[PDB]
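Undergrad: Got a structure for you, questions after.
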Amino acid sequence: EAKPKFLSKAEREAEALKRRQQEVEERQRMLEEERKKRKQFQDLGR
Amino acid sequence: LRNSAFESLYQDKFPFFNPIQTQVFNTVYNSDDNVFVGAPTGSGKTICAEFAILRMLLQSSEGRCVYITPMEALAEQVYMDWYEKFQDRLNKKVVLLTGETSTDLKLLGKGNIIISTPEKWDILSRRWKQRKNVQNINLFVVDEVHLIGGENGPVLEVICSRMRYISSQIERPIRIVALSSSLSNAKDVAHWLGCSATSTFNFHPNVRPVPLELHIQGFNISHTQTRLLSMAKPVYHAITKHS
Amino acid sequence: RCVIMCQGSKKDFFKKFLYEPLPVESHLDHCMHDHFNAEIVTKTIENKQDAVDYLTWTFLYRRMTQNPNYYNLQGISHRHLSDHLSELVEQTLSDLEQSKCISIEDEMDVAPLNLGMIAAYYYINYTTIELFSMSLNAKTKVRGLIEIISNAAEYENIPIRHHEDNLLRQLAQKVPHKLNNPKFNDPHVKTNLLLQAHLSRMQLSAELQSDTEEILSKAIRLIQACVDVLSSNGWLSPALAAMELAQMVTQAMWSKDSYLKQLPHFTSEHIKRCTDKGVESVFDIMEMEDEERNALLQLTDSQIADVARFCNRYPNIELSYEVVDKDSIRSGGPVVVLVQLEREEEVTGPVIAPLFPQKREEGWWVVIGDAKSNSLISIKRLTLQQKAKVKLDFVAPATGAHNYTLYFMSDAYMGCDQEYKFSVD
């Protein structure tokens, strides 16, 4: 919110690990949906 | 201006104020908000400081301005100005602080206009819970807050942030009047010093009472004694061309 | 009109920043530790949450949200701003706890230690007292103490210009202490040489005494910081060495020279003529007659105006000391020694500072210690203007009597090293 809270360095890097785990999970999700789009594009010509 | 003694130190100097002071006057003198005056060097912002001081001496005569200039020679120059202006003609004590903490508490207790450098006010305001004379100042003028972006500039920032933080705690607000050169990001200095959007007079560098004609001559000489000696005849030619 | 002759590389930098208004950005994140230490000793910052809460009052917080990438930020969101402020405060408080200036308990609550109180009292950079309490041992002396004080980070902004190196090398061959590995690119060995040249009252170039007056403005608070760090560390002899350095840096004389070079218009002819008669102090000279004051060496009619007011204005203070329960003290009990400081002359004006730049008021150290064990028992600073009072308590350990010594040492004048030896229990 408005007042910035202090976050400890262990807590900051835990938040950063949770963040980078989130976006590597959405990168994995987008990659397997990319595989789904690719299979869909592939079998509409086969 | 209202009081006759207040005009008696501006009568023979000038009949009319410069347009920056005309626009800034009703907010500095006839109001009580924190005022940011961002005007170019030479617009007479120290007379806007003096407007704030005359307001502070209207509210009660035992008030206390604290005037911060970032350079010690500027503090000496404004002390020579205001000792002739406010002590000789208004009999209000103008003191100038020096680097001794033992005598600065006495000078702050005895003075109505407390000239300082940021490092001389830093050592007083660091113990502002102890020193009552740091707390109940009625006006905190900070000349040239645009020197917040230089060396010996963090100390100026810390003492103005502390003088805002004290004003957030002491039952009576310390009215900050921040004078500066004309800033681009003056909304941030206004928001940091509690100035309004109506009390933030951030002007432009073209607004000056005497218009500045600024020519810039490039000397593409990378060696610097060579450039510094190649500038010697264009110095004289600039003197003959321009003045 | 203003004609700015500049290098053409710098030309468009001036075509921007002089016609359009000025963007100012706070540089507080690099110069933070002093003010954090100062708000910690004030108990304004009592935990790291209040360190962030104090940092929200600054211009730095207001500029981190409008120009983030100036401050190594990656966004103006509450997460970016809060974690950058938290990294800023937990870096500066790590720098203050690693300096032993503050103490962090529960990894959240900060408290002022001794070094932080000393660093925020007399306005010294935290790394200077980090250097002081790491670099002063129990056997340091004025020969090394000027190396300690010249290594203060309050002197890194001394100017090194061009053609400053070799006349400093010319200064490196003269002054009464040599320098191990002197690099004349250093600000610190320059301030060492200039401190020694002020103490040896040598001739200087005008641009170098222009920097010597810059040095001596901050010298006296550094020496008082040395006095206080050796006060807390409990070392009698380096503390008295620092109290000697404080008075000699105000009177521009050395310690291994005698104590009358303090007086104005007195050169080495007077040293050589007074040593060959049997007289060394100014108390050995002020006990003469006016003709005998003039029948010692040369004289002129301005000398009698200034030397007499010098002898008027130095501290003519004798002691009075008082102990309660002299026989009836045992092991464990805290004991007092009370000192009244009988000044017998009027104070009309500050110290005589003919070579020192500032108008300084005189201070005092009522200090007590161990004349054999080199154990600094207690010390209090003092400003009196007339006969005042100072009480100081301490604790004596067991097995009976302990022979203490009381010293009275100033920061501005020689000839008043009053020590009085006594014992308790």
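All residue names refer to the structure tokens as shown: chains lettered A, B, ... in order, residues numbered from 1 in each chain, ligands numbered from 1 in order.
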Could you build a table of the residues in chain C lying no more than 9 Å from chain B, giving for each the nearest pair of atoms and their separation in Å rounded to one decimal place, using only C-alpha atoms, ordered by chain and ascending residue number, as JSON lines?

TA:
{"residue": "C:1", "atom": "CA", "partner": "B:213", "partner_atom": "CA", "distance": 4.6}
{"residue": "C:2", "atom": "CA", "partner": "B:214", "partner_atom": "CA", "distance": 4.8}
{"residue": "C:3", "atom": "CA", "partner": "B:215", "partner_atom": "CA", "distance": 4.8}
{"residue": "C:4", "atom": "CA", "partner": "B:216", "partner_atom": "CA", "distance": 4.7}
{"residue": "C:5", "atom": "CA", "partner": "B:217", "partner_atom": "CA", "distance": 4.7}
{"residue": "C:6", "atom": "CA", "partner": "B:218", "partner_atom": "CA", "distance": 5.4}
{"residue": "C:7", "atom": "CA", "partner": "B:219", "partner_atom": "CA", "distance": 4.7}
{"residue": "C:8", "atom": "CA", "partner": "B:218", "partner_atom": "CA", "distance": 4.2}
{"residue": "C:9", "atom": "CA", "partner": "B:220", "partner_atom": "CA", "distance": 7.3}
{"residue": "C:10", "atom": "CA", "partner": "B:218", "partner_atom": "CA", "distance": 7.9}
{"residue": "C:11", "atom": "CA", "partner": "B:218", "partner_atom": "CA", "distance": 5.9}
{"residue": "C:14", "atom": "CA", "partner": "B:216", "partner_atom": "CA", "distance": 7.7}
{"residue": "C:15", "atom": "CA", "partner": "B:216", "partner_atom": "CA", "distance": 7.6}
{"residue": "C:18", "atom": "CA", "partner": "B:205", "partner_atom": "CA", "distance": 7.5}
{"residue": "C:19", "atom": "CA", "partner": "B:205", "partner_atom": "CA", "distance": 5.9}
{"residue": "C:20", "atom": "CA", "partner": "B:205", "partner_atom": "CA", "distance": 6.5}
{"residue": "C:21", "atom": "CA", "partner": "B:183", "partner_atom": "CA", "distance": 4.8}
{"residue": "C:22", "atom": "CA", "partner": "B:183", "partner_atom": "CA", "distance": 4.4}
{"residue": "C:23", "atom": "CA", "partner": "B:184", "partner_atom": "CA", "distance": 5.1}
{"residue": "C:24", "atom": "CA", "partner": "B:149", "partner_atom": "CA", "distance": 5.1}
{"residue": "C:25", "atom": "CA", "partner": "B:149", "partner_atom": "CA", "distance": 5.0}
{"residue": "C:26", "atom": "CA", "partner": "B:149", "partner_atom": "CA", "distance": 5.2}
{"residue": "C:27", "atom": "CA", "partner": "B:154", "partner_atom": "CA", "distance": 5.9}
{"residue": "C:28", "atom": "CA", "partner": "B:154", "partner_atom": "CA", "distance": 4.9}
{"residue": "C:29", "atom": "CA", "partner": "B:154", "partner_atom": "CA", "distance": 8.5}
{"residue": "C:30", "atom": "CA", "partner": "B:154", "partner_atom": "CA", "distance": 8.7}
{"residue": "C:31", "atom": "CA", "partner": "B:154", "partner_atom": "CA", "distance": 6.5}
{"residue": "C:32", "atom": "CA", "partner": "B:154", "partner_atom": "CA", "distance": 7.9}
{"residue": "C:35", "atom": "CA", "partner": "B:158", "partner_atom": "CA", "distance": 7.2}
{"residue": "C:38", "atom": "CA", "partner": "B:126", "partner_atom": "CA", "distance": 6.3}
{"residue": "C:39", "atom": "CA", "partner": "B:126", "partner_atom": "CA", "distance": 7.0}
{"residue": "C:41", "atom": "CA", "partner": "B:127", "partner_atom": "CA", "distance": 8.8}
{"residue": "C:42", "atom": "CA", "partner": "B:127", "partner_atom": "CA", "distance": 6.2}
{"residue": "C:54", "atom": "CA", "partner": "B:165", "partner_atom": "CA", "distance": 8.5}
{"residue": "C:55", "atom": "CA", "partner": "B:161", "partner_atom": "CA", "distance": 8.9}
{"residue": "C:57", "atom": "CA", "partner": "B:161", "partner_atom": "CA", "distance": 5.5}
{"residue": "C:58", "atom": "CA", "partner": "B:161", "partner_atom": "CA", "distance": 5.1}
{"residue": "C:59", "atom": "CA", "partner": "B:192", "partner_atom": "CA", "distance": 5.9}
{"residue": "C:60", "atom": "CA", "partner": "B:157", "partner_atom": "CA", "distance": 8.5}
{"residue": "C:61", "atom": "CA", "partner": "B:192", "partner_atom": "CA", "distance": 8.7}
{"residue": "C:62", "atom": "CA", "partner": "B:188", "partner_atom": "CA", "distance": 5.9}
{"residue": "C:63", "atom": "CA", "partner": "B:188", "partner_atom": "CA", "distance": 6.8}
{"residue": "C:66", "atom": "CA", "partner": "B:188", "partner_atom": "CA", "distance": 8.1}
{"residue": "C:120", "atom": "CA", "partner": "B:126", "partner_atom": "CA", "distance": 8.0}
{"residue": "C:121", "atom": "CA", "partner": "B:123", "partner_atom": "CA", "distance": 7.8}
{"residue": "C:122", "atom": "CA", "partner": "B:123", "partner_atom": "CA", "distance": 7.8}
{"residue": "C:123", "atom": "CA", "partner": "B:123", "partner_atom": "CA", "distance": 6.6}
{"residue": "C:217", "atom": "CA", "partner": "B:99", "partner_atom": "CA", "distance": 8.5}
{"residue": "C:358", "atom": "CA", "partner": "B:99", "partner_atom": "CA", "distance": 8.2}
{"residue": "C:359", "atom": "CA", "partner": "B:100", "partner_atom": "CA", "distance": 8.5}
{"residue": "C:360", "atom": "CA", "partner": "B:100", "partner_atom": "CA", "distance": 7.2}
{"residue": "C:361", "atom": "CA", "partner": "B:102", "partner_atom": "CA", "distance": 7.9}
{"residue": "C:383", "atom": "CA", "partner": "B:102", "partner_atom": "CA", "distance": 8.9}

Undergrad: Skipping near chain neighbours, those fewer than 6 positions away, what residues fall within 9 Å of residue 141 of chain C using only C-alpha atoms, listed as a compact mmCIF listing (two decimals) with C-alpha atoms, in the first residue's frame?

TA:
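Wrote around.txt, looks like this:
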# COMPACT_ATOMS: atom_id res chain seq x y z
CA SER C 237 48.13 7.24 28.23
CA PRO C 238 46.71 7.42 24.65
CA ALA C 241 48.27 11.90 24.29
CA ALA C 242 45.07 12.91 22.49

Undergrad: With a distance cut-off of 9 Å and only C-alpha atoms, select the neighbouring residues of residue 153 of chain C, excluding the residue or stretch itself and same-chain residues fewer than 2 positions from it, and output the selection as a list in words.

TA: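 Listed by chain and then number, they are residues 124, 125, 126, 127, 128, 150, 151, 155, 156, 157 and 188 of chain C.
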
Undergrad: Pick the closest to residue 418 of chain C from C:73, C:368, C:319, C:311: which is it, counting only C-alpha atoms?

TA: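 The answer is C:319, which sits nearest to residue 418 of chain C.
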
Undergrad: Where does chain C meet chain A within 7 Å, residue by residue, with the nearest atom pair and distance in Å to one decimal for each, counting only C-alpha atoms, listed by chain and rising number, as CSV?

TA:
residue,atom,partner,partner_atom,distance
C:48,CA,A:6,CA,6.8
C:49,CA,A:6,CA,5.2
C:52,CA,A:6,CA,6.4
C:78,CA,A:1,CA,6.2
C:81,CA,A:4,CA,6.9
C:82,CA,A:4,CA,4.5
C:83,CA,A:7,CA,6.3
C:86,CA,A:6,CA,5.1

Undergrad: Identify, on the basis of only C-alpha atoms, every residue whose closest approach to residue 329 of chain C does not exceed 12 Å; exclude the query and any residue fewer than 5 positions from it along the same chain; express the result as a PyMOL selection string.

TA: chain C and resi 323-324+334-336+395-402+423-425
